[PDB]
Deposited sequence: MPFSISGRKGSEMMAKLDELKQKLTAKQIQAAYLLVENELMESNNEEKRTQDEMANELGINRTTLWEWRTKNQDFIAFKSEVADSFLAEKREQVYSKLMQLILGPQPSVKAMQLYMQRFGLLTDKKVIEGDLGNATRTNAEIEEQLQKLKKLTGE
């Protein structure tokens, strides 16, 4: 909310709507086409193209919204992780991730020499 708020103010209401539509199309539970999204927004195809390619504030805000949508999925990822570990066919790689999540693994170094 710290970054979204500063960026939001450099964008129009339609641009904000556009950023959310593009992200929802990819990260919210068949995808819409670019033409379908421009239509829904009531803008021309060329306008959407301009925002996506030339408007740095639009791009930056859209990346922040994307991060927010990705963040919400954490328990979904956790569920899959535990599924790979706790079934009758355990994944050692998944166990590595579990252990790292809780900082359980140690790497030890003995250093000699001079600088």
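Gaps in the model (deposited sequence, numbered from 1):
No C-alpha coordinates exist for 1-13, 43-46, 133-155.
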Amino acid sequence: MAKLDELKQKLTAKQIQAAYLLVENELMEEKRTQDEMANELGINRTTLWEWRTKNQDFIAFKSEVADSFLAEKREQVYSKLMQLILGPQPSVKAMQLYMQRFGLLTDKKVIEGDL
From here on, numbers count along this sequence of modelled residues.
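Would 36-44 or 50-58 have the larger average of its C-alpha temperature factors, as given in the entry?
Per the PDB record, 36-44.
Taking the recorded C-alpha temperature factors, which stretch has the higher mean, 4-12 or 104-112?
Per the PDB record, 4-12.
At the C-alpha atoms, which of 26, 75, 30, 67 reaches the highest B-factor in this entry?
Top of the list by C-alpha B-factor: 30.
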